[PDB]
């Protein structure tokens, strides 16, 4: 059984960039988990790639069956990673790579479907930088932007109560990827 790899942290820490480099460099070793969402598919978005776009009724049916490893709600839409994503990774005999926020990780750490996963926490250089990147990529009003700021404060607070196999302050992408890559080479690739 190949232990799944979870790259986690709050939005804005650079998870996406790090994962893309990883997948680009070791394309034959990973199966990138795809999540479900009730949000409407945007123009450039691809079904089965960006997400599995479904509606509220189906999402509710899935929860009813407890088919999720983790579920979340953001900007008035539901998101969740199905246990089946892990099965597909197994089917192809590859490392299942999960991109998650802290709310997701705590659900994975309790999940009975998966076990022995490797958790890599990608931290921001600071809270100020994390919050600033939030405002930068957002054009919201006071009350709403404050809610997202509080959500990020909760993420960091929750992260402090969990244990990760490795934690990296992503100050410099190059250095972060290098530490990440070496860790993964020793954990999965070498020999």
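Positions refer to the first chain, counted from 1.
Between 160-168 and 133-141, it is 133-141 that carries the larger average Cα temperature factor according to the deposited entry. Legend: mean Cα B-factor per stretch from the PDB entry, 89-97 versus 106-114; the higher mean is in 106-114.
Of the candidates 184, 191, 8, 5, the PDB record gives 191 the highest C-alpha temperature factor. In this PDB entry, residue 63 carries a Cα temperature factor that places it within the middle third of its chain's modelled residues. Sort the chain's modelled residues by C-alpha temperature factor and residue 175 lands in the middle third, per the entry. When all modelled residues of the chain are sorted by CA temperature factor, residue 27 is found within the lowest third. Looking at the C-alpha B-factors along this chain, the one for residue 33 belongs to the lowest third. Among the modelled residues of its chain, residue 122 has a C-alpha B-factor that falls in the lowest third, as given in the PDB entry.
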